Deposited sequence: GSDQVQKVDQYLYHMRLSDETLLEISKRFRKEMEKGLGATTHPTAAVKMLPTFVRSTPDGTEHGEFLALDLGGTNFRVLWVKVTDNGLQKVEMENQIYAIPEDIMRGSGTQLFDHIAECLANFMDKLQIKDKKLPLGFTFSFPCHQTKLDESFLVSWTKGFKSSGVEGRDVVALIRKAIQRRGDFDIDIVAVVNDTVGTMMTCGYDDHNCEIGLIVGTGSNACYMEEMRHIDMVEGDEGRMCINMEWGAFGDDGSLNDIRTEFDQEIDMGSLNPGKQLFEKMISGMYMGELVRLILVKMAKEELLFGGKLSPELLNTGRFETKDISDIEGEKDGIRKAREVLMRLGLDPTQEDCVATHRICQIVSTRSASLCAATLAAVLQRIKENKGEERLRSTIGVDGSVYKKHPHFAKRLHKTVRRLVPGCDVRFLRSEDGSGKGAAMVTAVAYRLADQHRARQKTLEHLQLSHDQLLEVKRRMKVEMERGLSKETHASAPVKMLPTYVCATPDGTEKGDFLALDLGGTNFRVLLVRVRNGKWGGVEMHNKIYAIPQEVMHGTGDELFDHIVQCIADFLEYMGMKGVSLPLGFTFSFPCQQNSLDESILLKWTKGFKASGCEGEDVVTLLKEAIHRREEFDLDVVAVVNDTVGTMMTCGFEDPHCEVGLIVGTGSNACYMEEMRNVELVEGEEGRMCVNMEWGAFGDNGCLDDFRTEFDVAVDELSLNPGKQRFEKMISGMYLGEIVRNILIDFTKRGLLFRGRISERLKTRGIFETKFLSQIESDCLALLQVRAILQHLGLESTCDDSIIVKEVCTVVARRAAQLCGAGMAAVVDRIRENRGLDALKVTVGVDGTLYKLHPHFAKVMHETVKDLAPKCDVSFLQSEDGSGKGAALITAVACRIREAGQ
């Protein structure tokens, strides 16, 4: 009778499965639009990342404060991991629509109140803050309010970080303090409260003052967060669906008018059709219109019926739920100053049903789109999913839940789906999220506490420079030379040619035609066998290489031998190998004169071995050919070392106090006496002790390409076994030596790269790493290479200020010729070191010329000098 004419009147608020399924297809399209990098800014449904990546583990423990803000009751809670305590606090409408300062002032006063009450005012606890509004966050411990919704409207919060505003409020008091703050939306918090009981909970649903839902989406579909691994909770903010007009064929004149009367007009239009803040008024407006048209109350209207907000959603609930539902309808209408007729009262009851059945069916529509998406993500033929729910409408309306459960299960019949009702509220799930924020905060702090040991301050680097300086004196003084770590070895450096370059990445033989300088070469591999074997086999091979090269070259010539190891030179052509370094370990060579060994090996098969030089010395000469001022050699490659022009007065191991001689410092051994043990870490010790030459080349082991990877690797390994990286499992391939080679350290730290890019390279090296594992590894490397650069820089600082003090000069212009694969591949080493020298040696103007022709050119030039000498 009345029932069937209300249904014809409100025909367009009674929604078929056909239109419901259409609505959910549109919503789906809005989900994708919101998640896409390029369409997201134009998206009504914002699909906001939350950085909640999982439901609880069960490993969460701790004591927490919480706040629950945005629903019908503002609540301050205390949670232990579950023991909970809470108290509801009132927020006056004038504060709800006052200044942010006022708002957060209030929250902070309430919080203080509660801490006193529980007697914890002096504890500094972490805080799980449920903030039921759309927020921009790039991590758990921040959230920038995008927009207020519902009945909030404080000036100056929108665009600001609610964690900062609340801290600032607290610190305007001094009363108390808090630790880390994690911020979750209420949908997220509710998912987390429920997933605490059923870890399969993947959706969070709120039907209360407003309506919204989050869900767990695949990271590969979340364009706005770098990463493709696993899932992350997306707060959809679905209340703003249709804010672009997408549901105008669904919206009626009554929704339009609710909108015209709203605090946030134009906005949250889907919500305005569903949520409890709006439902009662929707029904007041349907009644008012019907009464103006003379279809109810015989065309009469009280002023209470016309007065906004007078018909409550509580009244919808009550009317639809009381056993005398007609009598309850009558009771409400009489509080509105009417005398309705049994007929009127059946119409009123029926509008309540129509209004609230649409609310349930709209949610069903969009929920059905989210379940379909989740079904496609899992790949599975029919799906299993748990939705966690809170809110006054779902909890208190007598039928909403049922209608929702039914409508959904019909719209998606290939779904198995359990609805869990939240009993404890969002604060619990918000404590679970802060469990993790805290953990992550703590692990980070632990990682940088370790990496702080590998960071040196200006003053530590002045001290490293000073120590280098007293070690330089020690090895130059003949009185102390035998006992010195830094040997400061006299080099005796004061046509067509052959050259050898032995001891870096490549062994080359070279033809160096001087007239300018024309250079040829061939690289010759030295097999692991020969390299591990006897002096005879090595030099046999060297000679075999020379012979091949002469044929290759279509050709007996004078020879400059670049031999990049510590040698005692008694003259330019007698060099005795003190010890092998780097990776060389051939027998019957140390303590022998390598020219003899070479000559012996040539006899077996002749040539004119005129000079033997270190790579530093060869590189200095290659570079000084371009530049009068080049007085120093530096190598930063496989090993590291430096030579420079010392004064003969200071070179006590060579008779003569006039003129100059180049000194090969062999600085890699700096620290072999203990003189750097306060700067050395447990990782430097591990690299040293597990090396071929333990207790030796300690400086170089902190600097050079052969060793950094191993500093890094030993660190990464330490972190993982402390649970701070790689989910705590030590890949048997991280147990593997030498994986972190100069190329894959210089790449990882390139700053033209983005993070997935860096992740690409780590992936590519055969270590399986998340974007989180990869920012760590990248920092561990940046740190190890920065220290290397700076130590090298402090060593060099020592060298330039020495040359300057040796000449009594007040300032020094000088060039340093440089080579080595680390120096020339690594994005920052070169600059960090040049910067370090600039800071630590102010009275020196050092220029670093990178060698483009290798040591073999400069070796050719000292041989050519030696030759002209002996003629």
Residue ranges with no C-alpha coordinates, please: along the deposited sequence, counted from 1, in order. 1-2, 84-90, 504-511, 533-537, 578-580, 631-633, 900-902
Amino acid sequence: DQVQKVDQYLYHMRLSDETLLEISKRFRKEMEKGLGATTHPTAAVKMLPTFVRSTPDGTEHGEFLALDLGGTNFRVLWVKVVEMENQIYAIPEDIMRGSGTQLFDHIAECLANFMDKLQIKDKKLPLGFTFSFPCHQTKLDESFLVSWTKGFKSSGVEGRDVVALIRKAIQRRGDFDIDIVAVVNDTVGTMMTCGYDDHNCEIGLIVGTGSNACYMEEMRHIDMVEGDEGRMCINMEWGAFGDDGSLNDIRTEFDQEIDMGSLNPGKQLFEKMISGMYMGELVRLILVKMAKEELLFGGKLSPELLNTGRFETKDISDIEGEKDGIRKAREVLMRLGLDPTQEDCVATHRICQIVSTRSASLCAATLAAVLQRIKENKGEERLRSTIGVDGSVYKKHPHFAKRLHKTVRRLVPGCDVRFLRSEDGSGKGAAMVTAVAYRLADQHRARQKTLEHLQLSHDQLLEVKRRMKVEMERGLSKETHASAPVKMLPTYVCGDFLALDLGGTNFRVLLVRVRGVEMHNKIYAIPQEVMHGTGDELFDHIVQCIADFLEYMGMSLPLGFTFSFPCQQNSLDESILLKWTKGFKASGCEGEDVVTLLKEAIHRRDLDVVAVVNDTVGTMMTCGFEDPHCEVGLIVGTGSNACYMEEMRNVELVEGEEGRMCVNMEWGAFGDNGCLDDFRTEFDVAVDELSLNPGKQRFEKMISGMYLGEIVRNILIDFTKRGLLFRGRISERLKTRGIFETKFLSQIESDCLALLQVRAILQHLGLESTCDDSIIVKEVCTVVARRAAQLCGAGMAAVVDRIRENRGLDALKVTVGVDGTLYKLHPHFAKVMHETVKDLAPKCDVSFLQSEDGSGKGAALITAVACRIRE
From here on, numbers count along this sequence of modelled residues.
Highest mean C-alpha temperature factor of the two stretches 376-384 and 313-321, which is it? 376-384
So which stretch wins on mean C-alpha B-factor, 706-714 or 647-655? 647-655
The residue of 69, 818, 48, 809 with the maximal C-alpha B-factor according to the PDB record is 809
Which of these has the highest Cα B-factor in the record: 548, 416, 678, 700? 416
Quick one: classify residue 275 as lowest, middle or highest third of the chain based on its Cα B-factor. lowest
So, residue 490's CA B-factor, relative to its chain, sits in which third? The middle
Can you tell me whether residue 835 has a C-alpha B-factor in the lowest, middle or highest third compared with the other modelled residues of the same chain? middle
Where does residue 176 sit by CA temperature factor within its chain: lowest, middle or highest third? highest
Lowest, middle or highest third: where is residue 813 by C-alpha B factor in its chain? highest
